[PDB]
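File shown here: input.cif, holding mmCIF, C-alpha atoms and all ligand atoms.
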data_protein
#
loop_
_atom_site.label_atom_id
_atom_site.label_comp_id
_atom_site.auth_asym_id
_atom_site.auth_seq_id
_atom_site.Cartn_x
_atom_site.Cartn_y
_atom_site.Cartn_z
CA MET K 1 -9.19 20.58 -21.42
CA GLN K 2 -7.13 17.38 -21.36
CA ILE K 3 -4.26 16.39 -19.05
CA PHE K 4 -2.10 13.29 -18.62
CA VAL K 5 -1.32 11.25 -15.50
CA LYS K 6 1.96 9.31 -15.35
CA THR K 7 1.77 6.64 -12.63
CA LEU K 8 5.10 5.91 -10.90
CA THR K 9 7.44 4.25 -13.41
CA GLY K 10 4.66 2.86 -15.60
CA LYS K 11 1.53 3.69 -17.55
CA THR K 12 0.10 7.10 -18.46
CA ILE K 13 -3.60 7.92 -18.77
CA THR K 14 -5.61 10.85 -20.11
CA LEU K 15 -8.26 12.90 -18.31
CA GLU K 16 -10.82 15.44 -19.52
CA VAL K 17 -10.70 18.04 -16.74
CA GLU K 18 -11.89 21.60 -16.33
CA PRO K 19 -9.77 24.25 -14.56
CA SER K 20 -12.48 24.76 -11.91
CA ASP K 21 -12.35 21.10 -10.82
CA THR K 22 -10.79 20.29 -7.47
CA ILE K 23 -7.92 17.84 -7.03
CA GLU K 24 -10.38 15.49 -5.33
CA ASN K 25 -12.29 15.35 -8.62
CA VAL K 26 -9.10 14.53 -10.54
CA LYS K 27 -8.31 11.73 -8.08
CA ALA K 28 -11.91 10.54 -8.48
CA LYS K 29 -11.46 10.30 -12.26
CA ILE K 30 -8.15 8.51 -11.66
CA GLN K 31 -10.18 6.08 -9.56
CA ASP K 32 -12.67 5.73 -12.43
CA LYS K 33 -9.90 4.78 -14.89
CA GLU K 34 -7.53 2.94 -12.52
CA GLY K 35 -9.51 1.73 -9.51
CA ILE K 36 -7.07 3.27 -7.03
CA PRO K 37 -9.04 4.83 -4.15
CA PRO K 38 -8.52 8.59 -3.84
CA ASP K 39 -7.37 8.36 -0.21
CA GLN K 40 -4.48 6.20 -1.47
CA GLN K 41 -3.49 8.77 -4.13
CA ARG K 42 -1.19 11.77 -4.09
CA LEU K 43 -0.58 14.01 -7.10
CA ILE K 44 2.67 15.87 -7.82
CA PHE K 45 3.03 18.73 -10.31
CA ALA K 46 6.78 19.40 -10.58
CA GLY K 47 7.93 19.06 -7.00
CA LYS K 48 4.96 20.27 -4.96
CA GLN K 49 2.15 18.02 -3.76
CA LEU K 50 -1.43 18.88 -4.69
CA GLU K 51 -3.90 19.43 -1.85
CA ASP K 52 -7.40 18.00 -2.22
CA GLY K 53 -9.07 21.33 -1.46
CA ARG K 54 -7.34 23.36 -4.17
CA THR K 55 -8.14 23.38 -7.90
CA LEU K 56 -6.22 22.90 -11.12
CA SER K 57 -6.26 26.65 -11.79
CA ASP K 58 -4.58 27.42 -8.46
CA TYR K 59 -1.58 25.37 -9.59
CA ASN K 60 -1.76 26.96 -13.08
CA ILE K 61 -2.03 23.62 -14.88
CA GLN K 62 -2.01 24.25 -18.63
CA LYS K 63 -3.55 21.85 -21.13
CA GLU K 64 -1.67 18.63 -21.92
CA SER K 65 0.18 18.79 -18.59
CA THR K 66 1.54 15.62 -16.99
CA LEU K 67 0.74 15.05 -13.32
CA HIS K 68 2.79 12.42 -11.49
CA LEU K 69 0.70 9.99 -9.43
CA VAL K 70 2.22 8.37 -6.33
CA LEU K 71 0.56 5.87 -4.00
CA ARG K 72 -0.10 6.91 -0.39
CA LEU K 73 0.07 3.54 1.36
CA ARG K 74 2.21 4.33 4.42
CA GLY K 75 1.82 6.54 7.46
CA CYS K 76 2.25 6.62 11.21
CA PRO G 1 18.40 -12.07 3.39
CA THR G 2 17.74 -13.98 6.65
CA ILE G 3 13.97 -14.19 7.24
CA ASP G 4 12.84 -17.25 9.18
CA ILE G 5 9.24 -16.78 8.04
CA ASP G 6 8.15 -19.31 10.66
CA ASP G 7 9.69 -16.98 13.27
CA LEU G 8 7.80 -13.97 11.90
CA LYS G 9 4.60 -16.03 11.68
CA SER G 10 4.98 -17.27 15.26
CA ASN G 11 5.37 -13.64 16.41
CA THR G 12 2.44 -12.09 14.53
CA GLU G 13 -0.72 -10.75 16.16
CA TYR G 14 -4.10 -10.47 14.48
CA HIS G 15 -7.25 -8.32 14.58
CA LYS G 16 -9.80 -9.00 13.43
CA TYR G 17 -8.25 -11.85 11.46
CA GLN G 18 -7.54 -15.24 12.97
CA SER G 19 -4.34 -17.21 12.47
CA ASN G 20 -6.28 -19.73 10.36
CA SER G 21 -8.15 -17.12 8.31
CA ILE G 22 -7.96 -17.77 4.58
CA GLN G 23 -6.39 -14.38 3.82
CA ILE G 24 -3.78 -15.06 6.51
CA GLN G 25 -2.86 -18.42 4.97
CA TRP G 26 -2.70 -16.69 1.59
CA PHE G 27 -0.57 -13.96 3.18
CA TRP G 28 2.08 -16.29 4.61
CA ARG G 29 1.98 -18.39 1.43
CA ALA G 30 2.62 -15.29 -0.69
CA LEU G 31 5.31 -13.90 1.62
CA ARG G 32 7.07 -17.28 1.52
CA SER G 33 7.31 -17.05 -2.29
CA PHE G 34 9.05 -13.65 -2.27
CA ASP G 35 12.76 -13.13 -2.80
CA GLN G 36 14.92 -12.00 0.10
CA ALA G 37 14.98 -8.58 -1.59
CA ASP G 38 11.18 -8.58 -1.78
CA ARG G 39 10.92 -9.74 1.85
CA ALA G 40 13.19 -6.82 2.75
CA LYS G 41 10.90 -4.55 0.72
CA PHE G 42 7.94 -5.83 2.74
CA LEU G 43 9.81 -5.31 6.01
CA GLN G 44 10.58 -1.74 4.93
CA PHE G 45 6.96 -1.25 3.86
CA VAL G 46 5.56 -2.36 7.23
CA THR G 47 8.23 -1.21 9.71
CA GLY G 48 10.18 1.44 7.78
CA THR G 49 13.38 -0.62 7.96
CA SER G 50 14.58 -3.97 6.61
CA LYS G 51 16.79 -4.81 9.60
CA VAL G 52 15.94 -7.89 11.67
CA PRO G 53 16.47 -7.85 15.46
CA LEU G 54 19.19 -10.11 16.82
CA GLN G 55 16.70 -11.91 19.09
CA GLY G 56 14.31 -12.59 16.20
CA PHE G 57 10.95 -11.02 15.47
CA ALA G 58 9.89 -11.44 19.10
CA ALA G 59 12.00 -8.34 19.90
CA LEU G 60 10.58 -6.27 17.04
CA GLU G 61 10.30 -2.50 17.54
CA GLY G 62 8.57 -0.24 17.67
CA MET G 63 8.32 3.43 18.65
CA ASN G 64 8.45 3.24 22.46
CA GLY G 65 9.40 -0.42 22.89
CA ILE G 66 8.85 -3.92 21.58
CA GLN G 67 5.99 -4.04 19.06
CA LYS G 68 5.34 -7.34 17.30
CA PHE G 69 4.26 -7.43 13.67
CA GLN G 70 0.48 -7.37 13.34
CA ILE G 71 -1.92 -7.88 10.42
CA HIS G 72 -5.29 -6.11 10.56
CA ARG G 73 -8.39 -6.65 8.43
CA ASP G 74 -9.29 -3.69 6.21
CA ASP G 75 -13.11 -3.77 6.07
CA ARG G 76 -13.42 -0.92 3.56
CA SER G 77 -12.96 -2.37 0.07
CA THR G 78 -11.60 -5.51 -1.56
CA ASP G 79 -10.38 -3.33 -4.46
CA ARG G 80 -8.04 -1.12 -2.39
CA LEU G 81 -4.30 -1.61 -1.96
CA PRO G 82 -2.66 -2.74 1.29
CA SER G 83 -1.43 -0.06 3.67
CA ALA G 84 0.91 0.09 6.66
CA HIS G 85 1.13 2.22 9.80
CA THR G 86 4.91 1.85 10.43
CA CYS G 87 4.74 3.50 13.88
CA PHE G 88 2.89 0.34 14.89
CA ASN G 89 4.32 -2.51 12.80
CA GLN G 90 0.85 -3.09 11.34
CA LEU G 91 -0.25 -4.12 7.85
CA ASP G 92 -3.77 -3.24 6.68
CA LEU G 93 -4.92 -6.20 4.58
CA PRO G 94 -8.33 -6.18 2.85
CA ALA G 95 -10.36 -9.39 2.60
CA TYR G 96 -9.16 -10.22 -0.90
CA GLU G 97 -11.16 -12.77 -2.87
CA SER G 98 -8.24 -14.92 -4.09
CA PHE G 99 -4.65 -15.78 -3.24
CA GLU G 100 -3.54 -14.46 -6.63
CA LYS G 101 -5.16 -11.08 -5.94
CA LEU G 102 -3.58 -10.90 -2.47
CA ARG G 103 -0.11 -11.69 -3.82
CA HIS G 104 -0.55 -9.26 -6.72
CA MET G 105 -1.69 -6.38 -4.51
CA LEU G 106 1.02 -7.17 -1.96
CA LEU G 107 3.78 -7.13 -4.59
CA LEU G 108 2.32 -3.94 -6.07
CA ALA G 109 2.36 -2.35 -2.61
CA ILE G 110 5.89 -3.31 -1.59
CA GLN G 111 7.49 -2.62 -5.00
CA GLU G 112 6.58 1.09 -4.93
CA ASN G 113 9.71 2.80 -3.65
CA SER G 114 11.84 6.00 -3.67
CA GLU G 115 9.28 7.67 -1.36
ZN ZN K 201 -16.03 7.34 -9.01
ZN ZN K 202 -4.46 7.39 4.45
ZN ZN K 203 -5.16 1.52 8.96
ZN ZN K 204 -5.44 -16.60 -12.60
ZN ZN K 205 0.26 -13.81 -11.60
#

Will you turn the file into C-alpha cells for me?
Ligand SMILES: [Zn+2]
Ligand SMILES: [Zn+2]
Ligand SMILES: [Zn+2]
Ligand SMILES: [Zn+2]
Ligand SMILES: [Zn+2]
Amino acid sequence: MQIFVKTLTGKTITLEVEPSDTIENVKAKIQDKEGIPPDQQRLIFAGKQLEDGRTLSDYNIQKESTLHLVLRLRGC
Amino acid sequence: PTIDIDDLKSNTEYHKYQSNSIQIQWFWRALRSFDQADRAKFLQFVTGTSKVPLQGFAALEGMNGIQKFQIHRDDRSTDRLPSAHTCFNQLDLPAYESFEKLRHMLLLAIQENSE
C-alpha cells in the first residue's frame, strides 16, 4: 500500500506500508524519512490517537490515507 | 513581553550541564534573540504558562511550591528535539553540535502549538 503523513502545518511525506505493520513501524519509517525519533512522535487518524501496539488494519486505514503527525515534546 | 533574561539566567539550575557549558552559552544566546512572543512560547513550552511571577524568576512555580527553571543534558541523541517536563520547570537539551542547530531545534520545539 501507500499512505501519506502530513506533519503539523507543513510538509507531507509518503510511506510504503503494509496493513499488518504496527504503528511503531510507521513511526520508524517516519524517522527514516524525517529524523524525528519515534518516542517524540504521535500519529492521529481523524481525532483518535494511534497506539504503538496496534496495527494499521485495526484502525481500518485504507490506501492513500493521510495520517497527521504531531510532536510529543512535553509531559509531566 | 517583560523577560529580564539576566534574571532567568541568574535563577537557572543545571544538571549535568555547567553554567559555562558551550550549549548553555548557545542556549542563552539563542533565547536572547527571540521575540517577546517567542520567549512567551518558550515559557509556555517549559512551564505550561507564559506568566512571570511578580518577584521574578526566583519565585517560579512549580507543582507543590517554588521550582526554579532548570536545563538538563539529554544524553540520548544529538538529532532529537528538545523536550520539557512542565511539572518540574525543566528543559531537556541535547548536546547539539552548533549554536545554529540549537537555535533551530529550539525554535522548532517552541513554535509547535495548539496541543
Ligand atoms: Zn530506522
Ligand atoms: Zn516521552
Ligand atoms: Zn526528560
Ligand atoms: Zn550555517
Ligand atoms: Zn538559520

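Residues in contact with ligand ZN 203 (chain K) comprise residues 73, 74, 75 and 76 of chain K; 72, 73, 74, 75, 82, 83, 84, 85, 90, 91, 92 and 93 of chain G, where contact means an atom-to-atom distance of at most 10 Å counting all atoms listed in the file.
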
Requested write-out: C-alpha atoms of the selected residues, as a PDB file, in the coordinates of the input:
ATOM      1  CA  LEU K  73       0.070   3.540   1.360  1.00  0.00           C
ATOM      2  CA  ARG K  74       2.210   4.330   4.420  1.00  0.00           C
ATOM      3  CA  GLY K  75       1.820   6.540   7.460  1.00  0.00           C
ATOM      4  CA  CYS K  76       2.250   6.620  11.210  1.00  0.00           C
TER       5      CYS K  76
ATOM      6  CA  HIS G  72      -5.290  -6.110  10.560  1.00  0.00           C
ATOM      7  CA  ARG G  73      -8.390  -6.650   8.430  1.00  0.00           C
ATOM      8  CA  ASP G  74      -9.290  -3.690   6.210  1.00  0.00           C
ATOM      9  CA  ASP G  75     -13.110  -3.770   6.070  1.00  0.00           C
ATOM     10  CA  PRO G  82      -2.660  -2.740   1.290  1.00  0.00           C
ATOM     11  CA  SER G  83      -1.430  -0.060   3.670  1.00  0.00           C
ATOM     12  CA  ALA G  84       0.910   0.090   6.660  1.00  0.00           C
ATOM     13  CA  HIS G  85       1.130   2.220   9.800  1.00  0.00           C
ATOM     14  CA  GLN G  90       0.850  -3.090  11.340  1.00  0.00           C
ATOM     15  CA  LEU G  91      -0.250  -4.120   7.850  1.00  0.00           C
ATOM     16  CA  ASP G  92      -3.770  -3.240   6.680  1.00  0.00           C
ATOM     17  CA  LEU G  93      -4.920  -6.200   4.580  1.00  0.00           C
TER      18      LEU G  93
END

Within 10 Å of ligand ZN 204 (chain K), which residues of chain G show up? Give each one with its shortest atom-to-atom distance in Å (one decimal) and the two atoms involved, counting all atoms listed in the file, rows by chain then rising residue number, as JSON lines.
{"residue": "G:98", "atom": "CA", "partner": "K:ZN204", "partner_atom": "ZN", "distance": 9.1}
{"residue": "G:99", "atom": "CA", "partner": "K:ZN204", "partner_atom": "ZN", "distance": 9.4}
{"residue": "G:100", "atom": "CA", "partner": "K:ZN204", "partner_atom": "ZN", "distance": 6.6}
{"residue": "G:101", "atom": "CA", "partner": "K:ZN204", "partner_atom": "ZN", "distance": 8.7}

(request) Could you please select, counting only C-alpha atoms, the residues of chain G within 10 Å of chain K and state them as a ChimeraX atom specification? (result) /G:45-48,77,79-92,109-110,112-115

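Every residue having at least one atom no farther than 10 Å from ligand ZN 201 (chain K) is included below, with only C-alpha atoms and all ligand atoms taken into account: residues 25, 27, 28, 29, 30, 31, 32, 33, 35, 37 and 38 of chain K.
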
Would you give the centre and edge lengths, in Å to one decimal, of a box along x, y and z around the listed atoms of region 65-72 of chain K, with 5 Å added to each side, as lines of an AutoDock Vina configuration file?
center_x = 1.3
center_y = 12.3
center_z = -9.5
size_x = 12.9
size_y = 22.9
size_z = 28.2

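Minimum distance to ligand ZN 202 (chain K) across K:68, K:52, K:41, K:58 (counting all atoms listed in the file) occurs at K:41.
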
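One distance worth recording is that between CA of residue 36 (chain G) and CA of residue 21 (chain G), which is 25.0 Å.
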
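Atom pair CA of residue 69 (chain K) / CA of residue 37 (chain G) has a distance of 24.7 Å (rounded to one decimal).
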
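Take CA of residue 17 (chain K) and CA of residue 1 (chain K): the distance between them is 5.5 Å.
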
(request) Using all atoms listed in the file, determine which residues lie at most 12 Å from residue 29 (chain G), disregarding the query and same-chain residues fewer than 6 positions distant; provide the list as a VMD selection string. (result) chain G and resid 5 to 6 9 22 to 23 99 to 100 102 to 103 106

(request) For region 45-50 of chain K, work out the shell of residues within 8 Å, counting all atoms listed in the file and skipping chain neighbours fewer than 2 positions away, then give it as a PyMOL selection string. (result) chain K and resi 23+42-43+52+54+66-68

(message) If we count only C-alpha atoms and set the cut-off at 10 Å, which residues sit around residue 62 (chain K), ignoring sequence neighbours fewer than 4 positions away in its own chain? Please answer as a ChimeraX atom specification.
(response) /K:1-3,19,56-57,66

If you keep C-alpha atoms, can you produce a file of those selected residues as a PDB file, in the frame of the given file?
ATOM      1  CA  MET K   1      -9.190  20.580 -21.420  1.00  0.00           C
ATOM      2  CA  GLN K   2      -7.130  17.380 -21.360  1.00  0.00           C
ATOM      3  CA  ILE K   3      -4.260  16.390 -19.050  1.00  0.00           C
ATOM      4  CA  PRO K  19      -9.770  24.250 -14.560  1.00  0.00           C
ATOM      5  CA  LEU K  56      -6.220  22.900 -11.120  1.00  0.00           C
ATOM      6  CA  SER K  57      -6.260  26.650 -11.790  1.00  0.00           C
ATOM      7  CA  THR K  66       1.540  15.620 -16.990  1.00  0.00           C
TER       8      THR K  66
END
